[PDB]
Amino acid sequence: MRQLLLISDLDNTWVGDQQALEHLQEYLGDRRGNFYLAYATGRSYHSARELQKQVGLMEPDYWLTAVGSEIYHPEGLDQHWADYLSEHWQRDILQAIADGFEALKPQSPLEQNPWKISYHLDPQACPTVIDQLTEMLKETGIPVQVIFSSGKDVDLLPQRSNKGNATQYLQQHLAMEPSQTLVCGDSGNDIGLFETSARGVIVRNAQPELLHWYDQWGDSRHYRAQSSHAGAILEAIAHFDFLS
């Protein structure tokens, strides 16, 4: 029932340039009832809440955390989403396989959840290892997808997950059209966002893998902003003529 569904990553997207974050929130703060806001972050819910206190993030309507593996409504965790993601998912088998790659080191326990297995790729290792990992995991027949970003972060998620799928679920939940949706990102864990039919903005300070993705799959609905961080969001809103 609103004119815009705004979905944005936090680190290096909404966050990173405090001045830009502040004028973006001031602008949005004057028409809060005109849009639904959702933060689609790689961070856990707790970590995202902590970031909110650190930089003064405005309260979103929804939180799509841990790369969309968990969705929080104003009322709490979305149990339907969790069950949907649990179907056919085999965390232990996938973990056993990933744990076997010497170039991969587990990320801290607090970065893990039932539907998210994360690692850090050795800076000295060849990125090609990610391709080998992906193929090996896929061949298990378990519906899994590999998210590689910033040249170091590796996330194993159910195929039904990732920011894009979480976004489409939210769109359906809110009866919001892709044409009324704007997704904002900066890295590989945002590619799922641009795979959707929503309008999208890639921040100027975007990571190499996202820029590479844009050069190959970039369409008319995708916008390469001149501004970095939060400034790219205001720029995109004007570009797509949202909140007319």
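Take the two forms, superpose them, and find the largest set of C-alpha atoms that agree within 1.5 Å; that set is the rigid core. For every residue, the number given is its place in the sequence shown, counted from 1.
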Stretch 116-124 versus stretch 156-164: after rigid core alignment, which one is farther off in C-alpha RMS in 8 other deposited structures of this protein? 116-124
Returned stretch for higher CA RMS in 8 other deposited structures of this protein, core superposition, given 147-155 and 68-76, is 147-155
Given the B-factors recorded for C-alpha atoms, which segment has the greater mean, 124-132 or 71-79? 71-79
Of the two stretches 61-69 and 204-212, which shows the higher Cα B-factor on average in the entry? 204-212
From 47, 54, 196, 34, residue of greatest CA B-factor: 54
Quiz for you: based on the deposited Cα B-factor, which of 103, 147, 98, 170 is highest? 103
Which third of the chain holds residue 158 when residues are ordered by C-alpha B factor: lowest, middle or highest? lowest
Considering only modelled residues of the same chain, in which third does the CA B-factor of residue 220 rank: lowest, middle or highest? highest
Using only modelled residues of the chain, where does the Cα B factor of residue 25 rank: lowest third, middle third or highest third? lowest
Of the three thirds of the chain ranked by Cα temperature factor, residue 226 occupies the middle
Once the chain's modelled residues are ordered by C-alpha B factor and cut into thirds, is residue 237 in the lowest, middle or highest one? middle
